[PDB]
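Just the one chain here, the form deposited in one PDB entry, laid out as structure tokens.
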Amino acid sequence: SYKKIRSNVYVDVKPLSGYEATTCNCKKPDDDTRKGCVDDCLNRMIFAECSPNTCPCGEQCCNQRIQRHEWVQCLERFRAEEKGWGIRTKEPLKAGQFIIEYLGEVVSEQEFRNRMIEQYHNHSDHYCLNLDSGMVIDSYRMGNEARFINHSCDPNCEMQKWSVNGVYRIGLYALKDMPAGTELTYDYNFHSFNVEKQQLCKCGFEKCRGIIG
């Protein structure tokens, strides 16, 4: 029962990273076929996508994934046993691959708290990641499919914080290759917000830490 958005909705804050990542220097290819910014390009080293208007690789680069909204067209929602809904791929996924950007209403730490008691009173799930400087990305009412990814103590994905054109945004990247049909997951510990609301983890894992978060 959420509203589908294609981009973050900035409520009362601004996640300005404060660092103008420019001149990624990594050289441009030669074949339209292949890509431009290998596993290098000085920018990707400080998790800062390249500003289109300067990247040596022109329109055919690969470190602007979050900007160009280059999400994977495979994710499929589905009923996860004792975890309600969940997301999974229909196409395999090499590791380190950009999977999708995590959207929502980016709000302050206090703006969220209020929502946490003023509206998310009688609520079961927890939809929001830590963004930066207390600012949070709330997705209880708005966001995309990522809001549907479950937690695992042995994640196959990691949420990463990148400076995009001067604004911190969060993308979901794979940690390990995955066979089609595999459910995407990430560790809510260093990413998801902090509310003493707790739940038993149906992670289904050997050394599972027992509790979410």
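Throughout, we count residues from 1 along the sequence that is shown. The term rigid core refers to the maximal set of C-alpha atoms that superpose within 1.5 Å between the two forms.
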Checklist entry - Among the other PDB entries compared that flank it on both sides, is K197 unmodelled in a third or more? => result yes
Item to check | Which of 183 to 191 and 55 to 63 has higher mean CA B factor, as the PDB entry lists it | outcome: 55 to 63
Checklist entry - Between 27 to 35 and 156 to 164, which has the higher average C-alpha B-factor in the PDB entry? => result 27 to 35
Checklist entry - So among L175, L42, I170, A146, who wins on Cα B-factor in the entry? => result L42
Checklist entry - Based on what the PDB entry reports, which of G104, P92, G96, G86 has the top C-alpha B-factor? => result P92
Checklist entry - Among the chain's modelled residues, which third holds the C-alpha B-factor of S139? => result lowest
Next on the checklist: Which third, lowest, middle or highest, does the C-alpha temperature factor of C201 belong to within its own chain?
Outcome noted: middle
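Note that the form deposited in another entry isn't included here; everything after this is about it.
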Item to check | Entry of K90, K94, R77, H123 that shows, once the rigid core is matched between this form and the one not shown, a C-alpha shift of 2 Å or more | outcome: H123
Next on the checklist: Is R34 displaced by at least 2 Å at its C-alpha between this form and the one not shown when the rigid core is overlaid?
Outcome noted: yes
